[PDB]
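Chain order of the listed sequences is A, B, C and D.
Position one of the first sequence corresponds to residue 23 (our numbering), numbered consecutively onward.
Position one of the second sequence corresponds to residue 38 (our numbering), numbered consecutively onward.
Position one of the third sequence corresponds to residue 23 (our numbering), numbered consecutively onward.
Position one of the fourth sequence corresponds to residue 373 (our numbering), numbered consecutively onward.
Ideal Cβ positions, reconstructed from N, Cα and C, are used throughout, including at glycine.
Report on the following structure.
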Amino acid sequence: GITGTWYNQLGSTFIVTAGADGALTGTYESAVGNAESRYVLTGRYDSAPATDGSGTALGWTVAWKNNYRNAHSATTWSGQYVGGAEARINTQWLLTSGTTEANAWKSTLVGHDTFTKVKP
Amino acid sequence: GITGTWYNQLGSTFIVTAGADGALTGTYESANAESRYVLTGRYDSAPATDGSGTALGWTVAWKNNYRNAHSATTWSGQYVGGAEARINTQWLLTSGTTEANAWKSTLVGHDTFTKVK
Amino acid sequence: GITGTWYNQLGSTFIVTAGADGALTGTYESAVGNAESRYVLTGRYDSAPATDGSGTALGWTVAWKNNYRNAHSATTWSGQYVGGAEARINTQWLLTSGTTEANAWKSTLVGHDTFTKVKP
Amino acid sequence: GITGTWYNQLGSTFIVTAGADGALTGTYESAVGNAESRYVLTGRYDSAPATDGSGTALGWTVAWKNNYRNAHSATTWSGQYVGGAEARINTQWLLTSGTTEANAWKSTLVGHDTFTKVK
């Protein structure tokens with residue numbers, strides 16, 4: 023299932039536990055950006071997905087502050103878990119930095135990450 | 038300044054506690070108990086003090102004890118304090134789909150939250 | 023209709039002509055970023071919208087190169103025109119910069135612009 | 373390097389001409405290529421990109437109306453072209469449908485497409 027250790031296409035490490043109540047908890051270690059070591063993540067997933075072959079919807083957030091760095095920013099990943107021989111979590115993400123109002127127009131980056139249980 | 042009740046532009050209500058460890062926890066009501074859902078997320082607990090906003094994000098999975106849309110929304114944005122405080126966000130809403138329908142699985146939009154209705 | 027001079031919430035100026043064949047042409051002047059004076063835009067719109075009260079879908083692109091500056095980037099706006107007492111074009115946009123592969127993960131900003139024929 | 377036929381990961385095809393002035397013009401279609409699947413495309417690209425190894429920024433729009441059908445929607449692709457023997461156009465896209473105001477919150481889909489010169 024969702025619980026386990028996942029890697030995105032750039033080598034970031036996503037260590038997640040999916041709880042009975044729909045909770046996602048764990049740590050994220052980024053391979054890019056103003057980041058170093060692990061950061062806390064929390065999120066939610068559908069704990070009773072459809073039974074028609076559909077994926078399992080989920081999302082989570084990392085605020086890029088830990089005991090060693092603070093980038094004044096946060097990423098959310100929104101996506102779905104797809105089971106099978108090679109399980110996969112396909113996501114799109116938004117990375118918002120704290121800005122002044124005049125700079126808010128350039129506050130948010132967008133991209134897509136795919137996660138598997140093997141290193142890229 | 039984040040902890041409390043917030044209201045978006047379309048009649049939703051966003052109730053949150055910002056914990057000392059960077060946690061966001063609370064409930065989201067998209068319109069009674071049938072419409073309330075758990076939310077969890079994170080925020081920058083040590084933001085800059087130069088006029089910049091406070092970065093944050095949270096997730097709602099659209100399942101409760103009454104309904105299940107097989108979908109989840111993430112909001113990514115920043116809190117801005119002051120007399121007219123706001124949380125300005127962009128969001129992604131992914132539905133569980135088959136592989137053939139995955140290309141149309143994700144909606145995008147934006148929400149602005151205020152402390153007054 | 024769509025043809026006219028529009029302004030977004032930051033004061034950018036969008037001068038557009040909607041042709042009978044579905045073509046959008048005109049110029050864009052940005053209130054923000056590495057930009058000066060007018061830039062070419064081209065795009066498309068639905069020349070036969072639904073008759074059920076729905077808006078009119080459209081989109082356009084600006085490459086941020088003109089005779090004065092070149093930011094090595096391009097924005098696309100995707101949205102719909104909504105007729106009314108206060109006509110409005112509501113959009114969401116993607117701004118992609120030319121980058122190296124190592125920097126591609128942070129190549130794309132995302133936002134939302136609303137345009138009116140009155141400058142806010 | 374942009375002018376020619378490109379294929380995405382899901383069976384769509386587009387033929388584009390990159391003009392000297394920065395114009396993109398052409399047609400977007402399905403793998404089958406039947407007339408009912410073909411739509412006009414129009415966009416812009418950076419006609420003087422950097423020389424430091426960066427990609428070439430571009431974007432284009434397709435409104436999903438042709439002589440045969442009308443989905444009352446339009447997609448914009450925003451991305452960069454990367455040349456070489458394994459040339460690519462890497463994009464993210466937004467697909468907005470015309471909606472009433474009550475339904476505008478769910479008017480816009482987002483995704484990503486990768487285009488290659490080979491099927």
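I'd like to know whether the C-beta atoms of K141/A and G65/A end up nearer to each other than 8 angstroms. Against the first sequence, residue 141/A aligns to sequence position 119. Against the first sequence, residue 65/A aligns to sequence position 43. No. Outside cutoff.
Proximity of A139/B and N112/A at Cβ, strictly below 8 angstroms: Here residue 139/B refers to the residue found at position 102 of the second sequence. Here residue 112/A refers to the residue found at position 90 of the first sequence. In this structure, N112/A lies closer than 8 angstroms to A139/B by Cβ.
Chain C residues whose Cβ lies nearer than 7 angstroms to that of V117/B: Here residue 117/B refers to the residue found at position 80 when the second sequence is read from its first residue. Result: empty, since nearest Cβ-Cβ is about 16 angstroms, beyond 7 angstroms.
Can you tell me where the beta strand (DSSP E) with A429/D in it begins and where it stops? Numbered from 1 along the fourth sequence, position 57 holds the residue referred to as residue 429/D. Unbroken beta strand (DSSP E) run through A429/D: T428 to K437.
Looking at the structure shown, is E51/C part of a helix, part of a strand, or coil, going by DSSP? Counting from one through the third sequence, the residue named residue 51/C turns up at place 29. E51/C: strand per DSSP, three-state reduction.
Closer than 8 angstroms to chain D by CB, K87/C: Mapped onto the third sequence, residue 87/C falls at position 65. Yes, contact with chain D.
Give the residues of chain D in contact with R66/C, contact being defined as C-beta atoms less than 8 angstroms apart. Taking the first residue of the third sequence as position 1, residue 66/C is located at position 44. Ordered by position in chain D, the residues that pass the 8 angstroms Cβ test against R66/C are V412, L413, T414, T433, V434, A435 and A446.
Beta strand (DSSP E) containing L63/C: first to last residue? Sequence index remark: in the third sequence, residue 63/C carries index 41 (1-based). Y61 to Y67 is the extent of the beta strand (DSSP E) around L63/C.
Which residues, in order along the segment 114 to 140 of chain C, keep a beta-carbon less than 8 angstroms from a beta-carbon of chain B? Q114, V132, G133 and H134
Cβ-based contacts, 8 angstroms cut-off: residues of the segment 23 to 53 of chain C near chain A: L32
Helix, strand or coil for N125/A per DSSP? Reading the first sequence from its first residue, position 103 is the one you call residue 125/A. Of the three classes helix, strand and coil, the one that applies to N125/A here is coil, per DSSP.
Do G38/B and residue 176/B come within 8 angstroms of each other at the CB atom, strictly closer than that value? Because chain B is modelled from 38 through 154, residue 176/B falls outside the range shown and cannot be assessed.
Does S59/A pass the burial test, meaning 16 or more other C-beta atoms within 10 Å, or should it be called exposed? Counting from 1 along the first sequence, the entry for residue 59/A is found at position 37. With fewer than 16 Cβ atoms within 10 Å of its Cβ, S59/A is classed as exposed.
In the DSSP output, what is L117/C paired with across the bridge? Within the third sequence, residue 117/C is the residue found at index 95, counting from 1. Its beta-bridge partners are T97/C and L131/C.
Quick one: does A72/A have its CB under 8 angstroms from some CB of chain B? As a position in the first sequence, residue 72/A is number 50, starting the count at 1. By this cut-off, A72/A is an interface position.
Per-residue DSSP class, three states only, for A107/A: Working through the first sequence from its first residue, we reach residue 107/A at position 85. Here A107/A sits in coil by DSSP.
Interface partners of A92/B on chain A, CB under 7 angstroms: Here residue 92/B refers to the residue found at position 55 of the second sequence. In chain order: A85, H94, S95, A96, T118, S119 and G120.
Taking the alpha-carbon of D485/D as reference, which of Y417/D, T423/D, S426/D and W432/D has the nearest alpha-carbon? Sequence index remark: in the fourth sequence, residue 485/D carries index 113 (1-based). When each option's Cα is compared against that of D485/D, the closest is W432/D.
With a cut-off of 8 angstroms, do at least 3 Cβ pairs link the segment 430 to 449 of chain D to the segment 463 to 470 of chain D? yes
Looking at the secondary structure, which residues open and close the beta strand (DSSP E) in which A390/D lies? Along the fourth sequence, read from residue 1 onward, the residue named residue 390/D stands at position 18. Taken as a continuous stretch (DSSP letters only), the beta strand (DSSP E) holding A390/D covers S384 to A390.
Beta-carbon within less than 6 angstroms of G26/C's beta-carbon, same chain only, minus the 5 sequence neighbours each way: which residues are those? Counting from one through the third sequence, the residue named residue 26/C turns up at place 4. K139.
Hey, would you say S76/A sits closer than 8 angstroms to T134/B, going by beta carbons? Here residue 76/A corresponds to residue number 54 of the first sequence, with the count starting at 1. Here residue 134/B corresponds to residue number 97 of the second sequence, with the count starting at 1. Yes, these two residues count as a Cβ contact at 8 angstroms.
Using 10 angstroms around the beta-carbon of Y103/B, count the other beta-carbons present and answer buried if the total reaches 16, otherwise exposed. For this step, residue 103/B is matched to residue 66 along the second sequence. Burial call: exposed.
For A70/B, does the three-state DSSP call read helix, strand or coil? Within the second sequence, numbered from 1, the residue matching residue 70/B stands at position 33. DSSP places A70/B in helix when its eight states are reduced to three.
Taking Cβ-Cβ distances shorter than 8 angstroms, what residues in chain A pair up with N125/B? The sequence position of residue 125/B within the second sequence is 88, counting from 1. Per Cβ cutoff of 8 angstroms: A126.
Beta strand (DSSP E) segment containing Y103/B, residue limits: Position 66 of the second sequence holds residue 103/B. That residue, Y103/B, is in no beta strand (DSSP E); it is neither H nor E in DSSP.
Measuring alpha carbon to alpha carbon, tell me which of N442/D, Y400/D and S419/D ends up nearest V84/C. The residue labelled residue 84/C in the question sits at position 62 within the third sequence. Answer by Cα proximity: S419/D.
With DSSP as the reference, label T86/B as helix, strand or coil. If you number the second sequence from 1, residue 86/B lands on position 49. In the structure shown, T86/B sits in coil (DSSP, three-state: anything other than H, G, I, E or B).
With C-beta atoms as the reference, is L76/B less than 8 angstroms away from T64/B? Looking up residue 76/B in the second sequence gives position 39. Looking up residue 64/B in the second sequence gives position 27. Yes, these two residues count as a Cβ contact at 8 angstroms.
Determine whether the beta carbon atoms of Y29/A and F137/A lie at a separation below 8 angstroms. Counting from one through the first sequence, the residue named residue 29/A turns up at place 7. Counting from one through the first sequence, the residue named residue 137/A turns up at place 115. The answer is yes: Cβ separation under 8 angstroms.
Quick check: what's the CA-CA separation for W86/C versus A57/C? Taking the first residue of the third sequence as 1, we reach residue 86/C at position 64. Taking the first residue of the third sequence as 1, we reach residue 57/C at position 35. Each residue's Cα considered, the two are about 7 angstroms apart.
So, is the C-beta of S59/C closer than 8 angstroms to a C-beta in chain D? Taking the first residue of the third sequence as position 1, residue 59/C is located at position 37. No, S59/C lies away from the interface with chain D (no Cβ there is under 8 angstroms from its Cβ).
Select from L80/A, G55/A and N88/A the residue whose C-alpha is nearest the C-alpha of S142/B. Stepping through the second sequence from its first residue, residue 142/B is reached at position 105. Nearest C-alpha to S142/B: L80/A.
How big is the Cα-Cα spacing for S52/A and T423/D? Taking the first residue of the first sequence as position 1, residue 52/A is located at position 30. Taking the first residue of the fourth sequence as position 1, residue 423/D is located at position 51. So the alpha carbons of these two residues sit roughly 29 angstroms apart.
Quick one: does residue 1/A have its CB under 8 angstroms from some CB of chain B? As displayed, chain A neither begins before 23 nor continues past 142, which places residue 1/A out of reach and without an answer.
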